[PDB]
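Encoded as structure tokens, the structure appears first; notes follow it.
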Amino acid sequence: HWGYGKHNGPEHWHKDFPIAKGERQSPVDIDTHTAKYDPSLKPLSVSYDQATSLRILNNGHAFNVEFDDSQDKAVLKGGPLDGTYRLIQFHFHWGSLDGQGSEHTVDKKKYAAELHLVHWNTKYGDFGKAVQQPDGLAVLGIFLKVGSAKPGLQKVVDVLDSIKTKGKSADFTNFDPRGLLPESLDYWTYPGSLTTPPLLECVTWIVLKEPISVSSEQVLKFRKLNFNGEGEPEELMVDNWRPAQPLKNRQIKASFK
Ligand SMILES: Cc1cc(C)nc(SCC(=O)c2ccc(S(N)(=O)=O)c(Cl)c2)n1
Ligand SMILES: [Zn+2]
């Protein structure tokens, strides 16, 4: 029943998923002045040289590029993490207009979109078990602003018209997620949750300070996708973001400055 409309959007999720109103929900506004620099935070280690993408799917909420996570091929470690986390998929959240789209905000500033590279803690053996643990996931978030094209995004952008509607999927091999990264790995980090239902409180959020730039034509191609399935009335897939949630009893730490 859940989605991003007036009748089934974020404001409604608590009825089906009461943890919507819980103690460590995401996303949040990052208040850059009150985030605490922590000199013991390690550099983030992103090892994506052996990444194996498999498929891309429109799930009716976003599109997901899914990876083979049956071996240690594409992993995240270091940073605030004390375990190895395997890349399972990435997806984006974006807006109807360039002035909104991101889930995390920075001093209340919204970005055009937000990339989530979803990773799960290998001590829990698989993604389904990890999500049931307070330290089960590590999600690397990267802001997108509109300006110059991101060449590493283009192969993603070019396949979207093959997965226009809910439930469509396409083969998507040999995609290199290193082409979606900014120069700097400086980050903010805090304990939070999935930002869609089931909203499980199982995520260590790692949000990069440096946005990537995408072109107006790249982000336009995102807004051409559909929430509906093939042969149903067209609802453009836009504004598939959850707003900032109360920080409550949490401190956001910074790896820098
Ligand atoms: C195999 C698989 C992978 C993923 C990421 N989600 C699912 S079900 C949806 C889900 O659990 C999920 C949705 C959204 C997010 S987010 N927006 O990055 O916080 C995450 Cl981490 C998980 N299933
Ligand atoms: Zn997400």
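Reading the sequence shown from the start, the letters are residues 4 to 125, 127 to 261 in the authors' numbering. All C-beta atoms, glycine included, are put in the ideal place defined by N, C-alpha and C.
Check, Outcome
"Residue closest to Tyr51, alpha-carbon to alpha-carbon, out of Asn124, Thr37, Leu79, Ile216", "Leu79"
"For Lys76, the nearest candidate out of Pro181, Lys39, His64 (CA to CA)", "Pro181"
"Heavy atom of ligand 2 within 8 Å of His107 beta-carbon", "no"
"Residue span of the alpha helix (DSSP H) that contains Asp19, given as start and end", "16-19"
"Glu117 - DSSP class collapsed to helix/strand/coil", "strand"
"4 or more residues per run - each alpha helix (DSSP H) lying fully within the segment 134-189", "158-163"
"Boundaries of the beta strand (DSSP E) in which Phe93 is found, first to last residue", "88-97"
"Under the three-state DSSP convention, the category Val223 falls into", "helix"
"Nearest to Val49 (by Cα), restricted to the options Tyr194, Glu187, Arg227, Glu221", "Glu187"
"Host beta strand (DSSP E) of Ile59 (start-end)", "56-61"
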